[PDB]
Amino acid sequence: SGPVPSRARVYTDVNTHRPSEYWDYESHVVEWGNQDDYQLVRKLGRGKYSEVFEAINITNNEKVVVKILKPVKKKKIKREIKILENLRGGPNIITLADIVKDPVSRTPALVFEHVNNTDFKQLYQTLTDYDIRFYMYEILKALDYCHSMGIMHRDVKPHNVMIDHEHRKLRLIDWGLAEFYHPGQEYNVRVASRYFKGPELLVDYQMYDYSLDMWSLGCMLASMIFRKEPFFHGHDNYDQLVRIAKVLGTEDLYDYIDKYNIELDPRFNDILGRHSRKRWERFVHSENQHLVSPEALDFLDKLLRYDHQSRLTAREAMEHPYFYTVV
Ligand SMILES: CCCOc1ccc(CN)cc1Cl
Ligand SMILES: CCCOc1ccc(CN)cc1Cl
Ligand SMILES: CCCOc1ccc(CN)cc1Cl
Ligand SMILES: CCCOc1ccc(CN)cc1Cl
């Protein structure tokens, strides 16, 4: 009979009702500018798909961020460009400012707005309960916006969240794995970083949606409020589901597999075992109790659910009592 189909509970048909120009990235015309307007300043980081640099726009002495793209399918570069162009100016979304190529190497490069990621290690003040609520709300604004625009980020994790704490500014970056949501489409499950992969990815359920980002956000919330990084510490993709099952329990996992008629990989036979569903209160310790509250655990419980359909949407999350105190 095969797996039972699924579709997003929200923003289901936003790409369906838009003209193809919006979501047909393969047909998008990229106009590559000239990289001489920029001087590279320093190396910011290295990724699987890119090298990120701090730079100066020499025409106006303004700091920019330059992402030089590593060898990848032309289709993937076009997808990222089109998504960034569609989301440009959205709340807490990194802003694409220019698309350039070095006249000699012809290597593709994306130019973005500068974001000054705070060195948190050099602050007397440690993370507070209010800080978590404030920045979790800013991420949600970004996710509700991109989901409303028919886009799944698919790589929500701390390294893809830039925070300028002095200006209380947050930006969701690296749209390289992002994809347009089309109801009924079967997606590649080899997305997201291991610790942040949703159970749908781990059981190879391809008909996933925006709710994938909500699981990733829940992993980030658990790691912050409990001071346990990462929260689900798998050593491989199969072991990752086992770490999740040791907290959410095996009974709800079998209800999830049964509901969607999911074919479970035989590699899971000898490793899943039997696990009770743990209370979230059991992760509270003297070192994290200032970040934990009944509201925070109720909110966490509503994100970290096997059933992608039963997770809060980004808009439902924004209305949770956990955020009543945020501006
Ligand atoms: C007007 C709806 C078009 O539907 C799609 C567009 C693009 C894709 C990805 N190849 C899939 C679908 Cl169903
Ligand atoms: C809730 C506040 C902590 O969250 C962060 C702090 C710094 C960074 C830098 N990538 C990212 C996150 Cl999510
Ligand atoms: C530990 C492996 C068990 O495998 C399964 C468990 C539950 C279901 C749903 N009837 C299916 C499988 Cl293969
Ligand atoms: C915002 C006030 C606190 O909210 C709660 C208190 C208790 C529970 C259940 N133990 C849930 C919530 Cl949201």
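Chain A is numbered as in Swiss-Prot; the shown residues are, in order, 2-328.
According to its header, the structure was obtained by X-ray crystallography, 1.9 Å.
Each residue, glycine too, has its Cβ placed from N, Cα and C.
Look at Swiss-Prot and you will find 36-41 tagged as region 'Interaction with beta subunit'. The domain 'Protein kinase' annotation in Swiss-Prot covers 39-324. Among the features that Swiss-Prot reports, ATP binding site is placed at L45, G46, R47, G48, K49, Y50, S51, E52, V53, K68, with the record citing sequence analysis. Sequence annotations record features per position, and here Swiss-Prot assigns active site, proton acceptor to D156.
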Using the Cβ center of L45, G46, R47, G48, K49, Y50, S51, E52, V53, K68 as the ATP site position, which other residues in that chain lie within 8 Å, going by their Cβ?
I69, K71
Of the residues in the region 'Interaction with beta subunit' (36-41), how many are helix, strand and coil by DSSP?
3 helix, 3 strand, 0 coil
Distance between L45 (ATP binding site) and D156 (active site, proton acceptor) at the Cα atoms, whole Å?
19
At the Cα level, what's the spacing in Å between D156 (active site, proton acceptor) and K49 (ATP binding site), rounded?
13
Could you tell me which three-state DSSP class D156 (active site, proton acceptor) falls into?
coil
Output, ordered by sequence, the same-chain residues six or more apart from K49 (ATP binding site) with a CB under 8 Å from its CB, or 'none'.
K71
Chain-internal residues, separated by at least six, CB under 8 A from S51 (ATP binding site):
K68, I69, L70, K71, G177
